[PDB]
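Participant: Below you'll find the sequence and an experimental structure to go with it.
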Amino acid sequence: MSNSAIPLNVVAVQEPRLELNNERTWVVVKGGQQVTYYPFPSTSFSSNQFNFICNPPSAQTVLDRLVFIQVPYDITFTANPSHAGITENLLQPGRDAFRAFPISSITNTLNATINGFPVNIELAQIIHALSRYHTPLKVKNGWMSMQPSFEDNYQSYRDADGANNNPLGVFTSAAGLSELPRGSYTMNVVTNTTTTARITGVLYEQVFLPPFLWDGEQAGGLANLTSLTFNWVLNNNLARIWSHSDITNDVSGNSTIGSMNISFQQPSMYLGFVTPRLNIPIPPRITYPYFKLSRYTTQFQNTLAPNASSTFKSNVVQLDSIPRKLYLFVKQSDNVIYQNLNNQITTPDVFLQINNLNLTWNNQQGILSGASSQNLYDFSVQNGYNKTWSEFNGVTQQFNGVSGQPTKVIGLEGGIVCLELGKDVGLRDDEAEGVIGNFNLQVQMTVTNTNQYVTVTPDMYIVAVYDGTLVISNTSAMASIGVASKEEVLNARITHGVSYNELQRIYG
Amino acid sequence: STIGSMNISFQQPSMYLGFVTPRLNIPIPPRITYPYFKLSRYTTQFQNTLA
């Protein structure tokens, strides 16, 4: 051991097949008696709102963190003339589904108030890019499975047919022990003929936003609150829930569906409340981790396609405090796909392919500026990305065997960079991962539309998550942001117990 | 719209002030202090639309 250079320290370890001794301590697991579940049916449901005001039973009972709602719903489709006709059922075996996750992207915003100081998030634009980012297969087959859950991986729906991974097919045709497509999801079909379809069922969507958690891994739920209450609002259009394929819409048209309408019934939330036992007392006041994520967004006028490139920058913003990490992507814009609804039902979620990204932290200018688009995909996947290289940088050749038909190129749906803000952006001496303040940000990024048809005006999105303390003591909910002092950040002694990998484990 | 487009001129604008002079008997202090408020507007425009 003390053979080489600077000598080391010796330790020995027993192989797994044999200890055979070590100190084996019997461990009685105990948690409070009486864990019970309630179904709080929403008071004051509407067509543009849902409001669930529910009160904790005792205020001495901890409230478990996973929460979800269920909405019974009803849609009627009908055929437009022309395109007409028309001779196939208005709903098609392989060309039709819910968008994922349905009752989510449809909702404009969600805000739950605890204790009650409100913590709210933006669910329409935030989520579709938040989904890719932290889930392993283990998770996407667990909790995440209650709502349609298969993300759009073709640049255009029309192309997909008929692949083995067409994002909206029947259950049969997803290989054993894997994530099914979104035409897997169960619901009654009361009618289905040409000129008319009409469907019914019930969809379970879990709530996102902290401190309610959509990871499987759990942590001590919020006690000792005195009243909590959720509040959705859905943006007007509501044709966004459904999905479709161009492959059937063909003509000078136009298409088969336009138009159709939805209807909800009594939704209800599902809360859960353990009780701790009279032996072990939980503290009068108690502190929780708390994250806020809020998106900043430019819109441009320039129109680029069907596969031509260009460059863009986004108006400066001044963060109050360093986000713990931020995401950046260029998605196809909102101003379109909110007109003449056929567009709403037949445009996938996917983002444009990135060529390079240079950004500026406070005053720096040109950060990362010389890192290859390949070299952007290295992190994450180190912050947990989860899509093969070919998916990022989305493009894929796939050629045809005859004389003479030119090979066909498909967009494979683009990428979204996430850069953890101290992990690989670097911060001036004596500046933590979240201290006030305040530093400009500006993202200058060149992009390319890889979707074969058609042109698209884009927008840029940048979603930054901040890390604040939140102390819920009944019945106040103070929430200090930028918790560490600038003097405390120098000479805060390092530890060798905690592993950094265990901190990136706690989402987030 | 019918209206487009007009042209506006001005002439010779004049201000009016009122100057009092206090009684010779009663004296005014050589150094006075008034309250003074200062207004200043900060603006951030974001370029998104909603309708």
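Facilitator: It's in. Numbering: from 1, shown residues only, chains lettered A, B, ... in the order given.

Participant: What residues does the stretch 301-450 of chain A have near chain B?
Facilitator: Contact residues, the stretch 301-450 of chain A versus chain B (C-beta under 8 Å from any C-beta of the partner chain): A:315, A:335. C-betas here are computed from N, CA, C, even on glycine.

Participant: got the contact list for the residue in the stretch 301-450 of chain A positioned nearest to chain B?
Facilitator: At 6.6 Å from chain B, residue A:315 is the closest residue in the stretch 301-450 of chain A, using C-beta to the nearest C-beta. By C-beta atoms under 8 Å, 6 or more residues apart in numbering or on different chains, the contact list for residue A:315 reads A:298, A:442, B:46, B:47.

Participant: for the stretch 301-450 of chain A, what spans make up the helices?
Facilitator: A:342-345, A:373-376 (DSSP state H, counting those that start in this stretch).

Participant: just the ones you listed: most buried one?
Facilitator: Comparing the helices of the stretch 301-450 of chain A by mean neighbour count (mean count of other C-beta atoms under 10 Å in any protein chain shown), helix A:342-345 ranks first with a mean of 19.

Participant: Now do residue A:437: how many residues are near it, please.
Facilitator: 12 (other C-beta atoms under 10 Å in any protein chain shown).

Participant: from memory it sits against residue A:481, does it?
Facilitator: No. Contact criterion C-beta atoms under 8 Å: residue A:437 and residue A:481 do not qualify, at 9.1 Å.

Participant: who touches both of the two?
Facilitator: In contact with both residue A:437 and residue A:481: A:320, A:321, using C-beta under 8 Å, 6+ apart.

Participant: and residue A:247, which of the three is it?
Facilitator: Of the three states, residue A:247 takes helix according to DSSP: H, G, I helix; E, B strand; the rest coil.

Participant: Look up the closest residue to it, ignoring the ones flanking it.
Facilitator: Nearest non-adjacent residue to residue A:247, counting by C-beta to C-beta, 6 or more residues apart in numbering or on different chains: residue A:158, 4.7 Å away.

Participant: doesn't residue A:246 make contact with that neighbour?
Facilitator: Yes. Here residue A:158 lies in contact with residue A:246, judged by C-beta under 8 Å, at a distance of 3.3 Å.

Participant: now the strands for the stretch 51-200 of chain A?
Facilitator: Secondary structure of the stretch 51-200 of chain A (DSSP state E, counting those that start in this stretch): strands located at A:68-78, A:97-98, A:107-114, A:117-121, A:188-193, A:196-206.

Participant: can you give me how far the second one is from the chain middle?
Facilitator: Relative to its chain's centre, strand A:97-98 lies at 18 Å (C-alpha atoms, centre = their mean, to the nearest Å).

Participant: In its sheet, which strands sit next to it, and in what direction?
Facilitator: Strand A:97-98 sits in its sheet next to strand A:242-243 (antiparallel), going by DSSP bridges.

Participant: Contact partners for the residue in the stretch 401-508 of chain A that chain B sits nearest to?
Facilitator: Ranked by C-beta to the nearest C-beta, the top residue of the stretch 401-508 of chain A for proximity to chain B is residue A:459, at 8.9 Å. Residues counted as contacts of residue A:459 (C-beta under 8 Å, 6+ apart) are A:297, A:298, A:299, A:300, A:330, A:331, A:332, A:333, A:334.

Participant: among these, who's most crowded?
Facilitator: Neighbour max across the contacts of residue A:459 (other C-beta under 10 Å) = residue A:330, 28 neighbours.
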